[PDB]
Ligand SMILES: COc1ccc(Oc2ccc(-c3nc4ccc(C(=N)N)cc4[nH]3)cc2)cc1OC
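Here we start with a single chain on its own, the form deposited without the ligand, put down as structure tokens.
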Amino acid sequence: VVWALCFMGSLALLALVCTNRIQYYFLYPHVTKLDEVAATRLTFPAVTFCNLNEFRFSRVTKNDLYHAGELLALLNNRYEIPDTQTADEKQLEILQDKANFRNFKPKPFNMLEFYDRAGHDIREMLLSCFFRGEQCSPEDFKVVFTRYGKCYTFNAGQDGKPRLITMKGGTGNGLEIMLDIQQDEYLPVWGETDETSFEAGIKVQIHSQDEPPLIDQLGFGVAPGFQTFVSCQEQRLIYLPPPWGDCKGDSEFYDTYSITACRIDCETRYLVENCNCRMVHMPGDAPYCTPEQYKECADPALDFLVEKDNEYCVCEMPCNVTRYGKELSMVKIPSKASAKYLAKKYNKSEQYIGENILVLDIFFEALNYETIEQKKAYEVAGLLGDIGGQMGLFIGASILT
């Protein structure tokens, strides 16, 4: 009659000191391991950059001024040059002969074509380019359309080309661009629209190859008259899917899931079901918005969605994020001495060089690769270890009875 209490005393301590660890299991806890090391090889990121000015003044034709003149605030609602014009009398004449629609027959007009043709040409802006002593050409830049207009992406890596790498830190083993923003080609600003800009220079974004560029929201700036240094540090974050975390691709418009991809997606669907068209920089296969559609539907609907609406788009957290810690710095260019030299080399005035020339150095530092990853704190393996150790006693007692 004591054996029955040696079996009940054995079964008791089994579940009694066992149920305390299974509750910790169904909590689905997660440890976040950190590791900041230096990789022997480093997959250099994609570098998308855009000019703040959207359309070249010398590329805007009479027909273009007719279709998108009002959108660019170069014309009023009645196809006339606004009286509020604030330009010199030299561009006024050139612009008036262009706004002369007497006996003019409007040819067909396409926005995507306008951006592509009237946009800034990487072949004129790129005065110099290197990547690890390797000289690169405009053919290394993949054309990408975004809110700013016709932009470009170095080391885009999609399309059949392999993504570049770097194995050493410092400027010597990174991207170095010398651009000519061409202020002389900047459109006159006579009004305030989503296609006009008070600023001069470029907007840049450093992102993973498989992450679409949201350059108008998440980009940084680079000004003319300065050589900008950008020390970067690649940070890779990994999250756990639920039951452990909140993270988680539909593959509707983009290959990999990205917060940006998700937003670009929502912006597109929204702008489509509101205007029955998409903006030049948007995915999908909807009719491209016309200059008129931009002013009266496209721009407004998009601005509202992004700046005012917080109900429509609900983007979940990605299970894989690649973040680049940027550290900027600059020096003046040109020096009082090298000015007259750069002026002759590019057949420009000395003053011009100071207002237009730009140099950008994007690279990594010594410590270049950091990882913040969520690991499963308590897995099934280790669970059965301690709970399994209590079985050897319940089995040995189940025989004596």
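All residue numbers are counted from 1 along the displayed sequence. Whichever C-alpha set is largest while still superposing within 1.5 Å between the two forms counts as the rigid core.
There is another form of the same protein, the form solved in complex with the ligand; it is not shown, and what comes next is about it.
Within 2.4 Å of backbone or C-beta atoms of the shown chain, at least 3 atoms of the ligand land once it is superimposed from its position in the deposited bound form; the pocket counts as blocked. For the candidate set 240, 71, 275, 118, a heavy atom within 4.5 Å of the ligand in the deposited bound form is found for exactly one residue, namely 71. In terms of contact with the ligand in the deposited bound form, the residue from 196, 182, 231, 227 that brings a heavy atom within 4.5 Å is 196. Using a 4.5 angstroms limit between non-hydrogen atoms, residue 55 touches the ligand in the deposited bound form. Though the partner is left out of this view, residue 289 does reach within 4.5 Å of the ligand in the deposited bound form, counting heavy atoms only. Put simply, residue 154 is far from the ligand in the deposited bound form: not one heavy atom of it is within 4.5 Å. Put simply, residue 94 is far from the ligand in the deposited bound form: not one heavy atom of it is within 4.5 Å. Contact annotation for the candidate site: 259, 315 and 372 all lie away from the ligand in the deposited bound form (no heavy atom within 4.5 Å). Only one segment in the set 110 to 118, 94 to 102, 133 to 141, 79 to 87 has any non-hydrogen atom within 4.5 angstroms of the ligand in the deposited bound form, and it is 110 to 118. Residues 278, 279, 280, 281, 288, 289, 294 of 277 to 301 are found to place at least one heavy atom within 4.5 Å of the ligand in the deposited bound form. Just a single entry of 210, 296, 124, 116 exceeds or equals a 2 Å CA shift between the shown form and the other one, which is 296 (rigid core superposed). After superposing the rigid core, the C-alpha of residue 28 moves by 2 Å or more between the shown form and the other one.
In the core-superposed comparison between the shown form and the other one, residue 192 has its Cα shifted by at least 2 Å. After superposing the rigid core, the C-alpha of residue 77 moves by less than 2 Å between the shown form and the other one.
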